[PDB]
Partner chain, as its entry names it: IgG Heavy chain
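One chain follows as structure tokens, the form solved without the partner chain.
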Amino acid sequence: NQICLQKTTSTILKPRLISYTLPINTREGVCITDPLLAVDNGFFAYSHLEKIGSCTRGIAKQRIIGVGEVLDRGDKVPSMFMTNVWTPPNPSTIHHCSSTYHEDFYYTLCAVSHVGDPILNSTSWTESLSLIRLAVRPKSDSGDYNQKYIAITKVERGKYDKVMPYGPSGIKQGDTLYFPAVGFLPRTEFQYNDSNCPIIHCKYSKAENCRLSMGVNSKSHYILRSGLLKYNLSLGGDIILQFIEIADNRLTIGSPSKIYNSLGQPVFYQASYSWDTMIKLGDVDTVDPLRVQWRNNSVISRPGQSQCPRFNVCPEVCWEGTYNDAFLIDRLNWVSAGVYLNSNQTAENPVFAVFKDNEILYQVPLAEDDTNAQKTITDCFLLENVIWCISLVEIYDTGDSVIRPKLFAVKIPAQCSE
């Protein structure tokens, strides 16, 4: 169905807090973090890590991976009902979970670590991946159907030393699952020409900077490269993953990414964790090998820090930024919808926006002006005739005894008045 395509300052966006169920807790002094949200085919996947104390550095208490239905509550407004919850024995070992819906199940692929975040301790992390398959509609007195845990032995990684899921959600093509992922490649093996680093209109940029900034720091062992992890269900036996590296068009440090189907075709978002701060988003040209037709988008960036702030395009050695994805809602006019932090060098001020490449059509703040915020994950879908979007937004520093993200439901307007 149609949507509003005119640039207007009218209050036609009316964000509401969505009703969603989870295992209800009464523990104080807790931070809910490392969120994941996937919405596909009338079902959803959700995850978090509960920490006691600090969000960044508290003692890990509970990890949950959960799935359920996204339903019409009665008055043509979406709700969410959890149906199946999985919990590991040790909360601190599960990292970088990514989820993909196929049939009956949400197949979630996580990394396993005893050295913390593999990104921050790459050389130490011995590569271990595993898959939690949860059924979106549990059946009593079945076997493996409801919950099944699989340790991945067979991993096909090309020329990369290590590979890992790196993103919230992926897609299905037939019976082949594609998770967003990243490859770890030694700097010395990294094939790259310094002449291709666009420093030509940048007085204080060096040719070396693009290459140097392909790692988490300038003297890091590995470089990171985004990609897909492929999992073909048609071979119904031993589980075998194949890594696919992203094309080098507009290349940037491997960063959390998302692949999703919208209006029949696949679309890619990659976070801008470096100097190329403008939003990276576009239709998938080919999936294997992965190649994106990045939009020449000129109005959506992300907050940085001193070295690589918002709207930066000059190559610099920096690892900073925040994942703030967007969802294509109209391909003919290429309009998307997502939440961006309206701030240059601090993670603040979340704003839900609907935008073309060179224009924000209409928007609305979700919190105040001085409200702290990090990750934002948006997924959009039809509920009968009407396009709806669900957005999980990390909101911190609030003073709550329990810091947890807030989930918004937004109706996209058809008319441009009112």
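Positions refer to the first chain, counted from 1. Shifts are known only where both forms have a C-alpha. The term rigid core refers to the maximal set of C-alpha atoms that superpose within 1.5 Å between the two forms.
There is another form of the same protein, the form solved in complex with the partner chain; it is not shown, and what comes next is about it.
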Contacting member of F184, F243, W319, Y178, with respect to the partner chain in the deposited bound form [4.5 Å, heavy atom]
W319
Between the options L383, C55, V364, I360, which residue brings a heavy atom to within 4.5 Å of the partner chain in the deposited bound form?
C55
Candidate stretches 184-192, 289-297, 304-312, 98-106 - the one whose heavy atoms come within 4.5 Å of the partner chain in the deposited bound form:
304-312
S220 within 4.5 Å of the partner chain in the deposited bound form, heavy atoms:
no
With a 4.5 Å heavy atom cut-off, would you call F408 a contact of the partner chain in the deposited bound form?
no
Please run the contact check for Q374 against the partner chain in the deposited bound form: heavy atoms, 4.5 angstroms, yes or no?
yes
So, in the deposited bound form, is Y273 in contact with the partner chain at a 4.5 angstroms heavy atom limit?
yes
If we check the partner chain in the deposited bound form, which of the residues in 344-373 reach within 4.5 angstroms of it by a non-hydrogen atom?
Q345, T346, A347, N372, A373
Comparing between this form and the one not shown on the rigid core, is the C-alpha shift at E28 2 Å or larger?
yes
Against the rigid core, is the Cα displacement of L407 between this form and the one not shown at least 2 Å?
no
Pin down for me whether the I377-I24 Cα distance shrinks or grows in the deposited bound form relative to this form (closer or farther, change of 3 Å or more).
closer
Report the direction of the Cα distance change between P15 and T26 in the deposited bound form, compared with the displayed form, as closer or farther; the change is 3 Å or more.
closer
Core-aligned, C-alpha shift of at least 2 Å, runs of at least 3 residues: can you list them between this form and the one not shown?
19-28, 397-399, 401-403
